[PDB]
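Each of the two blocks below gives one form of the same protein chain as structure tokens; they are labelled structure 1 and structure 2.
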Structure 1
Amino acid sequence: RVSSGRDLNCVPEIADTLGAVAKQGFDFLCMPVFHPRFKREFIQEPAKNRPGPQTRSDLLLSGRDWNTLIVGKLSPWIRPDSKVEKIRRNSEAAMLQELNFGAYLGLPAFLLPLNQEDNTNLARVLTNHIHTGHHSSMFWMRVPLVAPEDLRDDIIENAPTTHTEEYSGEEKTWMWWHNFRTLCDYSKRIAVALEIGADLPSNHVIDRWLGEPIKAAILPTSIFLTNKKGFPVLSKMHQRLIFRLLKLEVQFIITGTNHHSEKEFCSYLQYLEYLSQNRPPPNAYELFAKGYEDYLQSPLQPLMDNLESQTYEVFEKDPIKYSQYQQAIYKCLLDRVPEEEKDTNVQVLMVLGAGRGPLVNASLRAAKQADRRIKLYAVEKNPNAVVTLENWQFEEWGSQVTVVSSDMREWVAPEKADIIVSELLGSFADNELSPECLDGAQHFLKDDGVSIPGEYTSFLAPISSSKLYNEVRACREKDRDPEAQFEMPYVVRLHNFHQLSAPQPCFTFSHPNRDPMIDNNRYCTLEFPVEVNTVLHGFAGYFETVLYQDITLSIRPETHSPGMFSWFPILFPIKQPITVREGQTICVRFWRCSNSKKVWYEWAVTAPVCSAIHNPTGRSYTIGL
């Protein structure tokens, strides 16, 4: 349900305070590790020689408490970007001191403010702390949605607040964050503590933060309304944002004094729990996609590789998809055998890549449903899966099904097919080489034969996600090109991201392929109009396929087939993030390239700036033929 902490800038006794906040139901406490007013001098006598202790003892809590219940806070006097040199130097020394203490204590996290535009020296000092011992602990940069200068009451007679709307200006707080994290070179240890105010800004301002590494949301007691019974509550717009933030599973932090003093402070927390339990629940997909959010996976290559038993089991675990296949064959059978010829006719149906036989069973259910007669071939190159097939056929199918242990491109079939059925499609449709496989099989399809599927189309969309950019970047391996991570696709349940433009079709294939000369190579140019300021990090891929006539399957969000939880989209990274201004077009170029040995994708962004061509000659990523 909800993980939540209490923010305090006053801790008389660490013992009683921690106990109090536990009693109130808080999972953890954000507090200073040095007294916020206890300014320290490091250079000038005599204050430099101030007798210690400089703070309270580690001995006052268990190591386990320090490790789990305490988030430290930078003292508010610490100003590393001060224009006053002596303040800058004392702040550099104090910041290192407080960070070193948090690391001494084994704190899981530490809060640092981004409360102005220039945090260069603060970033330089934090980067130094990070590059001093490899440690796990998080740095939560406390940034507001709305800068305090843009929140101030219009009560200065000779300094009126600007009522002129400034699109870019209202987004200034995101740029504070972006510049800081860029200077600190996207450290995985540096995340956002997003501070929410009584006045939410424009949606565009909230959307800015979509793909950012938000670990915490800070709710001041101030922003809370009062119900008729005087309980704290939130505006519907505030509530909508909480629902958005619950999907990102952030920790909520309550800051400020009890302004609902008719009642206890658990009242604020009780409200959040109330919103959590009363969120619209997640669909089957969302229960399927449970631990997979932003988890990068290698795309399966069921041609080059032999899939494991449990891989086929997951393919089979989505019955709806096979009901679709059953329906396509059912329809195709009725279109091909008139009711007058039902008992004379018997169509040769060939499953090309039969795995453990779900399409074989769907083909059989389809024939009994159509009340029409079929002979079956089950073709499968994975001899491990042929074992499953041959046990099924001996025990159940009988001689109606001829299991063929062969590559469909090599197989010399005893007779031509009326219908070939296949599930040779990846998350980017042709990325398992369905085109090359079915091309090699089509010589044994009758001149009027049907391929199910008859067609498939890949779709791309530009996406922003600093989170996934960092996940990819983290996939550097020894003994290879240090940037190969970025020149390969990943299957991933894209979660913490922003889709910058509607998906556009990329590559399309049709079966049978009538072309007298056939080329499965492709070159596509796409233009994505972008209506927001953002950073491009990569391209989401999806697919649609026409099984038969109106019966389709899709993972494209606008046309998504129901129940097809089986099946996350693909991600094409780029090496360098690209800034996109509102109103600009992202131009991406994709190639499908081939040898006798290998098929691969190459891609480049040509607008609003050029990237390098990614994966030239399959140097980082190929698909085996």
Structure 2
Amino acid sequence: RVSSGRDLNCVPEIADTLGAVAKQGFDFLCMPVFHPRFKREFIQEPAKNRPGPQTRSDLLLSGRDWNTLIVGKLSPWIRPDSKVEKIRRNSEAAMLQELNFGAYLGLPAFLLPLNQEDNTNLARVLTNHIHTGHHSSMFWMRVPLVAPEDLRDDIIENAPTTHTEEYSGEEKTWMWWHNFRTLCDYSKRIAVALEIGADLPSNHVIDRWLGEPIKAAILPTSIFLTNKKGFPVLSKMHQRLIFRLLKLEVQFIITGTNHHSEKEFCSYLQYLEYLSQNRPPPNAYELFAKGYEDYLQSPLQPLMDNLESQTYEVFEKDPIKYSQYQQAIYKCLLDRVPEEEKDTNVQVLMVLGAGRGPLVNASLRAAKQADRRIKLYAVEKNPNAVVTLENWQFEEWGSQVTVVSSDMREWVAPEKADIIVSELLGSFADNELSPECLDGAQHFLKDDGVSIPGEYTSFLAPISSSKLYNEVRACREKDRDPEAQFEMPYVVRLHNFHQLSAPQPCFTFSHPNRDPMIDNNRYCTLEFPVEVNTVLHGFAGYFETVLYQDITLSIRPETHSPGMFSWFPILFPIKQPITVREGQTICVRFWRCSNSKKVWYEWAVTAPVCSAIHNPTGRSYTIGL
């Protein structure tokens, strides 16, 4: 149910050791590839000429076993950053040798420690290795939650432990990691093995780490407590962190010696399994989202592009959305047609963007529950979906052209409407061009006609996510601007990330819009209070919409309509990550720009430093009218 390896620093026979460990229930073995005490000379005679096999043979395991079962460990004497020149050079040579052997064996991962501040040379050797030959070992950088220097016992009589609240202090190990991965240029091969100790830092510290690429969490045997029955278990605080780490499908590694000697061994594992079988179960949204975690997609342009049959089908299988549309229209039919007027008053309802008809059936469902009468028009421009409508029309219905195959901005309406009903909203509300589409249909809304929805508002929040920054680089394409990938949004089920400040409103649009200008262009300045040292990699986007009065849809996380599938957040990247200190304000500026052919967003950070303006003139990203 949960994936876990065993960390050993002692392996007398590889086969007996792997077998014992496979028996215990572990999936892999982190072990040394050279003996951890077998220091080697590369320069000075006579020890450079030490004979004999430098380590054990690749033939001791199958290729399949090397490729799936074994994580290598850098030798603990290797100190590329030593202040002694001879050790620095032996260590350079020895690190390339052990990495080369790991590549030679096809290991899936290799563990290197970040156990001090200055890892510049470590970084530079690993970077050279990555740029040498054709190999695809992952590099797991073993970094503690708490530096050893900060969890030492206060038993040195003339060197006491720094006592009071030391604020950037128990964030030192994050800066170790950040300096290292910045030196290595955010390489996608360099991830984190986070080593957990007896004590824990801030919820904020643990929050930053969960925006970082954690592939493994390392649990020492020593941090486990004992229950009555004599089994190993964890503090309620350590249980919280497991619960969060399981929510990133990280691998668990058990390190150190057996400390529960009445209770066999595999019991540490048994306990991780226990915690795992015993988290709250996925909600409806979490089940459906599984598979989409940090997968970047192009936002749909349903105006420019004719949606596929199977795209409509995911938007249709969203009962809570159509349930809320049904209620909004019901409440509208009741405010519009008094009870005396019940059977004389036919309300004219038009569905604008009817697709394959679910808002039409919502309008019907509404009409029976409100017991008022309606005359229905369904306007769709996608002639593919028009086939689905016109077949349903000729088969059911039989009365009225109902379905009209037309762009709602050209359509000559037989008649003015009481109510226009539409769902032309993307992940950023107005990025499917709802404003332009409704402004062009407005002229056939009666002077007191209602638009459902009546309002929407986009929201933004700054984020950190070094995974999401790499998914964006990976979007570089031949034959365009090498930076174009950063100047466009992505619909993405944001997962491996940190929300740096609470969402605030960006752009609002009302319908109908009787301001004699409309002007759907927009400029907004947003100030985000921050409270960690972090990297800004971009802004998450969300929206909310008023369908009618108090009937709303949201994907803003704090008001998220429960169990609603149709829309994941959007991400606006920035080209260069921006360091932010605790206490600093992130200032961001968004424009909604347009000409008669295109709408786009430009955006810039102005605090605590300026970015370049992103997407100037829609040079990298436009939404076609």
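Structure 1's sequence is the ruler for residue numbers, which start at 1. Under this definition, the rigid core comprises the largest set of C-alpha atoms superposing within 1.5 Å between the forms. Residues that one form lacks are left out of the comparison.
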item	value
Mobile residue between structures 1 and 2, C-alpha criterion 2 Å or more, rigid core, from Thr221, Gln270, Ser510, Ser202	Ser202
Core-superposed C-alpha of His178 shifting 2 Å or more between structures 1 and 2	no
Displaced residue check between structures 1 and 2: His134, CA, 2 Å or over, core reference	yes
Shift in Å of the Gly52 Cα between structures 1 and 2 [rigid core superposition]	1.8
Per-residue C-alpha deviation between structures 1 and 2 [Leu74; rigid core superposition; Å]	0.3
Value in Å for the CA shift of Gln400 between structures 1 and 2, taken after the core is superposed	5.0
Moved runs of 3+ residues, each with a C-alpha displacement of 2 angstroms or more between structures 1 and 2 on the rigid core	133 to 136, 201 to 205
